[PDB]
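Novice: Provide a 3D model corresponding to the input given below.
(chains A, B, C, D, E, F, G and H, ligands or ions: 1)
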Amino acid sequence: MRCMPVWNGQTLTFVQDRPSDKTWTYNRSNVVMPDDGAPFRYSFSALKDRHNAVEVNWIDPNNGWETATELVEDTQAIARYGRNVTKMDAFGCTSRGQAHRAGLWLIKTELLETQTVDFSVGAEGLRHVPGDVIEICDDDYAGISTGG
Amino acid sequence: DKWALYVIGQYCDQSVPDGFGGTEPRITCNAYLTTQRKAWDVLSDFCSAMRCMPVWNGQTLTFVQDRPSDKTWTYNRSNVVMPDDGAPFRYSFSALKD
Amino acid sequence: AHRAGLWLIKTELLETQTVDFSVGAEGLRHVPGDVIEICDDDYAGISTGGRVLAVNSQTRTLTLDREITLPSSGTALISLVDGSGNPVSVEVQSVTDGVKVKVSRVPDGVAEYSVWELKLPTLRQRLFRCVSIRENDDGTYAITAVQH
Amino acid sequence: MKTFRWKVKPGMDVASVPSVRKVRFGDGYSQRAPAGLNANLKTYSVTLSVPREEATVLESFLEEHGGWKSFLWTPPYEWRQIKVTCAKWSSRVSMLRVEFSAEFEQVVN
Amino acid sequence: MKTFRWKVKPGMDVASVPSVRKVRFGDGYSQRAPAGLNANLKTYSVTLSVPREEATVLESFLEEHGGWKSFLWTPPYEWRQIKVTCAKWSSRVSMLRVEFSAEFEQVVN
Amino acid sequence: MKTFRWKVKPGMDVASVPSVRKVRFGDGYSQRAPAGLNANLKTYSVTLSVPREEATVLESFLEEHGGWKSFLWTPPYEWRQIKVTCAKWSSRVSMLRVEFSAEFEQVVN
Amino acid sequence: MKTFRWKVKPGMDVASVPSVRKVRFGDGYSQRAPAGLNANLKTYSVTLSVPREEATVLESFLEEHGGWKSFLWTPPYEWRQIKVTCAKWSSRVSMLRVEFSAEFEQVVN
Amino acid sequence: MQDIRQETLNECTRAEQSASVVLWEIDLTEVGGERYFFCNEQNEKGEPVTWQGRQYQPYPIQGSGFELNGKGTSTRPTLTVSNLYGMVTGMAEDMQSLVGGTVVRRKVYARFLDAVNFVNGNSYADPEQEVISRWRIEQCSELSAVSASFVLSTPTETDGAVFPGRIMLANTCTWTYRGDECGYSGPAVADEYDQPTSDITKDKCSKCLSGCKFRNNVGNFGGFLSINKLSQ
Ligand code: SF4
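Specialist: Residues are numbered from 1 along each chain as shown, chains lettered A, B, ... in the order given. I have put the structure below:
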């Protein structure tokens, strides 16, 4: 299923990987300051770790209930940045449509979601559980300052 | 360094005793490289099988052949840095089991 | 096979000791493979090498530091740095006092305060061959060499 | 503003402490270089004495720079315009006068 | 209360050290920027002298805030109402009067 | 220029601290050796006083050395010609007087 | 030479502070031992005043020994021949006489 | 012995020398970006440093852990550039589009620099006396609002450099489009979405059999159209 499991600290819940409303907001005025002025540290997924093709595993009833792999490629991405292959096992999946869908989801995730940020924040931390959607404003990334 | 390589080639084209009483060229290839290996590891196996070591000058790539070479630099007490403890040169020996 | 085999064996039996001897700003003069001679004063106790104080071209003579005592039999050598910054070596004939040594010919433009070393004819020369040079971003270079 | 117009009353202490890339070899011998392209820049310990009602104008001028934005200054040492920066400028109030103890660090630009 | 009313001694120190974005590697070219907005905030080393009676009132006022809870104050430097906070307030007790050496740091919040 | 031609105060320090290659584990026996050929290389903490006009001449002279570039010197301590280098030369300017505090460190080079 | 013949006119300072291995157990109790065979060696903070002409002879002697090869001495605190070493002998020149701040460390050999 | 000139060799061994100056050059022409010249200093006049008539801008740039090794390069060198004003973020939309970019680092004593950098002038100025090294970017390690550090590596090692070079694909061509091995020279046929197109600027090969067929060139396909969708 497309979600992540979030232990609230009290209860277990599931947040889907959707465009969600209620997005929190942060800027230089909101997050801590180190001795060096680095409010946000950005790191990027390695070029070589953005697979653009997968061999996805599932059990095929029609073939005889044994492991069959469906292969999912992103043509335009392979046509420009070489061609990386990875292997997945869709969990309960049993019909090739399900496998192909999971395969395509993994590819698009690796290809698009590239950059992470560590921006240790103040006392407001306790309102945030994993899967919360935030927005980041950086003055040295946007030209002039537009938040406070 | 095509010049270095040319010397090396001339060397490994030398005639040497075969071992069954004939003569033979010193080193020759006859590989069939049938996997993706890392470029440097492959280059090192070439330059190991023929006695040399690959030197990335920084600018170019050459081969320094493992031979008695002239042009020997000299280092003594007055030349290398002297740390706080009076040990200009530290030696360390390979293990007998190695 | 037999030749490549014998080569690996003889290297492992004769080359045993490596020396790490971080040097100064002459460290952009070297690249791996370079052959060096480590004239350690620990292995001598007489310190037969140092820097040149003055060079007299006509009536070729070198004014050194320390003392030089010529071997009773055989002719010793003196190893200098040439005008081209190269390791050339020449002979020694007679010594006035214990500093003013007389050479066969003075190499062209032998810079004063350049490295000089006396090698006796009957003595193991003790060669190494460089493997790595590291920069310490203090204008010093850490050198490793293996027995030659 | 681009220039400093107040005068140092009692004189100032200048500390040079240039950068040298230095390597100590064996028997006393060594190696030096000026390290940076322009090593010695020097810092000045500028001391000023101002009336209590006026000190506002000098405070406003020093703060508008705010560490950055180096200004031209003519020290009573060499009598040449040099661009310097102000980082701390400690101030000392009394019932009549205010004393400024500031550090002026010369920059090539 | 939310305001500081007790008069201060001539002994009053003011250090500035505004926040800057300083970037340099080694002894080379250096880039300096105004960091945030409220660049300079200034620390006031102030000293007070009061009789033995209302020393208790002064201590209770400082203790009420107790590091946090910035209060309104008008320093004898700029004569402008600012929010400041007290860090330590080290106190000396003598035979007839008491002394207070305090650190005042102004906060935008 | 390769020499120093200025008048010194009566009060300068000359630290010696010769280089010694010494081995000792814990606090047991210790062996000691002379280490370098040039064992003691001395360090002079020289104080100079100069009129405000000639301060420029002396300041410029020390600047074209800037740590490196050893110059000959004849200290009154022994009246010998030895090669030395300057490190800091922190200077104080008064109304009519300028004071230099320098650490000359003699070198073989 | 082998013997120090110059006289200390004002005295020196003698600190013993010997090397002792010691283990702190539980309820106050402990355990102590002299660590080495020869723990205390009694550092002497020697001060010499010498006329300027005679300063160079003492320099030649001290610098020739140079942080190794101990010399015999009879300190005016116990009046006995002990072998001692010096490492520092910082100097202090004046118009007429020169001061020596030296550290003397007694050695068992 | 390093590829250096006689004057640099004589300078290396002098008791007192001139400044060691390092002049960087980041080229991204091969990766879709621009060429940049940097140095960590400004000349005696506080202007960009001139070398062989080239003006290396003053900018905070430095590198750590450079080495020559004759049996590998374990622990890659690390080059850092100040991200103040955000010109490093402005270099490219995505920071990993900058991987494969070339770095030429030039170490040269200050005595050999151009006569235009000195108020007095230089009698030893020689544009020949410098040491050069070439490195590939492998990864924008990290980027903050103050600094951004790349990992470097010699073109011999890098990461994309593997022997026997050519991976065998099914239904994916590896020749460069209109290149020597592709050997197609006809007019514009289609884009990478296979959509028919008689526009020369928007004609690019999908490198798949469908695209190859559009170009009408299926003889010279750089793939092996039968071999096995899966691997192993
Ligand atoms: S698929 Fe065909 S047209 Fe496209 S690049 Fe390869 S050979 Fe050329």
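
Novice: near chain D, which residues of chain H?
Specialist: Residues of chain H found near chain D (Cβ under 8 Å from any Cβ of the partner chain) are H:14-21, H:41-44, H:46, H:49, H:58, H:110. From N, CA and C alone the C-beta is placed, and that goes for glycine too.

Novice: Give me the buried subset of those residues.
Specialist: Buried members of the residues of chain H next to chain D, counted by 16 or more other Cβ atoms under 10 Å in any protein chain shown: H:14-21, H:41-43, H:49, H:58, H:110.

Novice: Now for those: which two are most distant?
Specialist: The distance between the two most remote of those (Cβ to Cβ) is 30.2 Å, for H:15 and H:58.

Novice: who's sitting farthest from the centroid in chain B?
Specialist: What lies farthest from the middle of chain B is residue B:84; by Cα atoms, centre = their mean that is 35.0 Å.

Novice: ok, which stretches of the chain are strands?
Specialist: Unless you meant another one, I'm taking chain A. Secondary structure of chain A (DSSP state E): strands located at A:3-7, A:12-16, A:24-26, A:41-44, A:53-60, A:66-73, A:86-89, A:115-118, A:134-136.

Novice: wrong one, I was asking about chain B
Specialist: Under DSSP E, chain B gives strands at B:15-17, B:23-25, B:53-56, B:61-64, B:73-75, B:90-93.

Novice: To chain D, which of these lies closest?
Specialist: Chain D lies closest, by Cβ to the nearest Cβ, to one member of those: strand B:73-75, at 10.1 Å.

Novice: Identify the residues contacting residue H:162.
Specialist: B:36, B:37, B:38, B:39 (Cβ atoms under 8 Å, 6 or more residues apart in numbering or on different chains).

Novice: give me the beta-bridge partners of it?
Specialist: residue B:38 (DSSP bridges).

Novice: List the strands paired with the host helix or strand of residue H:63, with their directions.
Specialist: Secondary-structure assignment from DSSP states H and E places residue H:63 in strand H:61-64. In the sheet, strand H:61-64 lines up against strand H:78-82 (antiparallel) (DSSP bridges).

Novice: so which of the residues of chain H next to chain D comes closest to residue F:39?
Specialist: So of these, ranked by how close each gets to residue F:39 (Cβ to Cβ), first place is residue H:15, at 19.3 Å.

Novice: could you list every residue that touches that closest one?
Specialist: So residue H:15 contacts C:113, D:29, D:30, D:31, D:32, F:70, F:109 (Cβ under 8 Å, 6+ apart).

Novice: State the phi and psi torsions of residue H:135.
Specialist: Torsion angles at residue H:135 (phi, psi; degrees, to the nearest 10) stand at phi -130, psi 150.

Novice: does it really touch residue H:153, like I thought?
Specialist: Yes. Using Cβ atoms under 8 Å, residue H:135 makes contact with residue H:153 at a distance of 6.3 Å.

Novice: show me where chain H has strands.
Specialist: Going by DSSP E, chain H shows strands at H:20-27, H:35-39, H:49-51, H:54-58, H:61-64, H:67-69, H:78-82, H:102-109, H:131-143, H:147-153.

Novice: Can you get me a residue count around residue C:48?
Specialist: 21 (other Cβ atoms under 10 Å in any protein chain shown).

Novice: Tell me who's in contact with it.
Specialist: C:39, C:66, C:68, C:117, C:118, C:120.

Novice: How about chain H: which residue is closest to chain F?
Specialist: The minimum distance from chain H to chain F, using Cβ to the nearest Cβ, falls at residue H:15 (3.5 Å).

Novice: Look up the residues forming beta bridges with the most centrally placed residue in chain H.
Specialist: Most central in chain H under Cα atoms, centre = their mean is residue H:102, positioned 1.4 Å from the mean C-alpha point. Bridge pairing for residue H:102 (DSSP bridges) gives the partners residue H:27, residue H:136.
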